[PDB]
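In terms of the entry's author numbering, the sequence shown opens at residue 6 and continues consecutively. Cβ atoms here follow ideal geometry from the backbone N, Cα and C, with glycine treated the same way. Worksheet for the structure shown next.
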Amino acid sequence: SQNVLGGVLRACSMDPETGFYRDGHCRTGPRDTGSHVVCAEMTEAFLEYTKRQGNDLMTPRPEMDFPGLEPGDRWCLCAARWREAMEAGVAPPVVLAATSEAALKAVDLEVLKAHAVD
Ligand SMILES: [Br-]
Ligand SMILES: [Br-]
């Protein structure tokens with residue numbers, strides 16, 4: 006897989022293990038209808054906002070190998086949920102090297118860069 010910069014897609018998080026395929030990478034495919042392609046660093050603001058929008062990332066769901074997130078965790082977000090937060094001015098920082106090029110179908114690279122940690 007490739008990142009938004011054209012390089013090899015780096016791991017987003019190995020602990021907690023993230024990604025739709027739970028291999029730590031924000032890679033996607035047919036079954037990942039949510040397109041978990043944006044590697045972002047969680048902020049309390051985003052976590053609270055996205056829960057208000059019906060996306061609970063704080064409650065653990067072990068049956069989904071989901072631990073419940075905390076500020077500081079890096080996690081592969083659905084492009085749409087990151088986009089929604091960006092329009093609300095609360096999008097969490099992006100790790101470009103761990104963000105799949107597929108993210109470019111939802112967000113412009115310049116917008117991703119403006120929010121990058123890297
Ligand atoms: Br798939
Ligand atoms: Br998400």
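Does the beta-carbon of residue i, which I'm using as the reference point, lie nearer than 6 Å to any heavy atom of ligand 1?
i          : result
residue 67 : no
Hey, would you say the C-beta of residue i is under 6 Å away from at least one heavy atom of ligand 2?
i          : result
residue 31 : no
In the structure shown, what three-state DSSP assignment does residue i receive?
i           : result
residue 202 : This structure gives no information on residue 202, because the portion of the chain shown stretches from 6 to 123.
residue 19  : strand
residue 121 : strand
Taking 7 Å as the cut-off, decide whether the C-beta atoms of residue i and residue j are in contact.
i          : j           : result
residue 63 : residue 73  : yes
residue 15 : residue 84  : no
residue 9  : residue 106 : yes
Leaving out five residues before and five after residue i in sequence, what residues of the same chain have Cβ atoms less than 8 Å from its Cβ?
i          : result
residue 80 : 17, 18, 21, 23, 44, 45, 47, 62, 74
Report all residues from its chain with a CB closer than 6 Å to the CB of residue i; omit the five preceding and five following residues, and keep chain order.
i          : result
residue 42 : 31, 33, 84, 105, 107, 108
Have a look at the DSSP bridge pairing and note the partners of residue i.
i          : result
residue 99 : 45, 121
residue 71 : 66
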